[PDB]
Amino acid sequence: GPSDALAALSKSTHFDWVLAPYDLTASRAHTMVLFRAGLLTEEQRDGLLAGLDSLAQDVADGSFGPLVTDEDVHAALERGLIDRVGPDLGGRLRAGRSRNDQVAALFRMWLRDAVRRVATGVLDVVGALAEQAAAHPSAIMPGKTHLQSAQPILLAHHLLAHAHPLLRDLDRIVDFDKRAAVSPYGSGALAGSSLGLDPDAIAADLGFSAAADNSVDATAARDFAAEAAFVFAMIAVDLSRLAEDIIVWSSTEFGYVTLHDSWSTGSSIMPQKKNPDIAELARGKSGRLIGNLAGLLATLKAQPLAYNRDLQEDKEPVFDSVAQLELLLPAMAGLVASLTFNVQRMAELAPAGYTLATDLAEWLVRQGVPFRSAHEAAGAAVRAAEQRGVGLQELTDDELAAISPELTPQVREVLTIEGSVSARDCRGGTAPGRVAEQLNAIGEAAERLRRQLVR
């Protein structure tokens, strides 16, 4: 029989044991199928279902686990069922089964559960961001481009700006699930079942939306796994953007936020020194999940039809990612929920370097003033403000007039950060009303997606 190297190489129980409940459900469905085929009398159907539920309980509480001699979870569960109903009844269940459609189907079921757990996590992070946004709706911070100060924005607008990529990720999940909800059961080894089963029925009972249109493809294609891997990589990356922001904020130089004791690691001697370990692990993790994606794609590359053992490599890179997300998403959520914001710091740094010059110029542009004329007028205002070591609002009215008769005192409406953010009242702008509408639109969108994912 098999050599030691081969046995050790092919063994998959350690990661694939998570497929057991799904394999059991599959065995139940196949039990009913065999009943409808005439290959199972009633006596036999009850025997098998009883054995499967007993095995299900024993798998749940932990009484049944894989042996070293077990190659995978399926061999393990057939072994257990045989141990519970004997070989004669047990062997009755193996009629009309193939492994190639089974591994694909089970991977799909598991994946459709996992993607929804991850979806829950994403909604947690979004919820934390939205809650902090609502808790701090008026705090103004310097908006950053090239990590340099641009226009002042509401803190809420920034946080929600981290919320939207995740909503997009949820959209990706919803879209992915539709391609995932296709049952390969009935495809046999590759050529299709000869048992005369009804693939639509089998598909319906196991929670799939439809049966596959092509057995060969149903058993050979793993693009659903690749798509999942991608979506998870994308979620990881967005999380890494948020993470980067929090890490930068947490620095003593920035001091935009102060970390919670429960949601960070602290120093033994330096009493108030806290490290953003959660954010950094998220950041570092994103690379990991990107790697899982690229690796999976490399594995699927140049695959001749139909099934090859290569495809057994589909699960572990996906699995891992999910695991990481299942660790990362709630953590980050808490990390976002626990943030304390130094709003005076942010309001101090928001109008620095005469940022608001921009707004001045823009105002002039709104007033029909030529664009260049407006901008050198702004430059003049800045030069005439660093004249007194003074703000732009503080500038004498004469100067507004001495630079341009177009500069009515009305401009002051945008020479303060409050007025600056209030002036941008277009859809998606950092204006209070717009940010509020955006926030509730986020609420409704989240509700729509979560509603869209129920089964």
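Quick note: we count residues from 1 along the sequence shown, nothing fancier.
Among the other PDB entries of this protein that were compared and that flank it with modelled residues, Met332 is modelled in all, so it is never left out in a third of them.
Judged by the one-third criterion across other entries of this protein, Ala212, modelled here, is also modelled in every one of those that cover both its neighbours. Between 74-82 and 125-133, the higher mean Cα B-factor belongs to 74-82. Higher mean CA temperature factor, per the PDB entry, when comparing 29-37 with 415-423: 29-37. Take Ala377, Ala114, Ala331, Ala161 and read off each C-alpha B-factor from the entry; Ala377 has the highest. Ranked by C-alpha B-factor against the other modelled residues of its chain, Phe230 falls in the lowest third. Per the deposited record, the Cα B-factor of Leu197 falls in the highest third when ranked against the other modelled residues of its chain. Per-chain ranking of the deposited C-alpha B factor places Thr252 in the highest third.
In the PDB entry, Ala189 places in the middle third of its chain by CA B-factor. For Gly287, the recorded CA temperature factor ranks within the lowest third of the chain's modelled residues.
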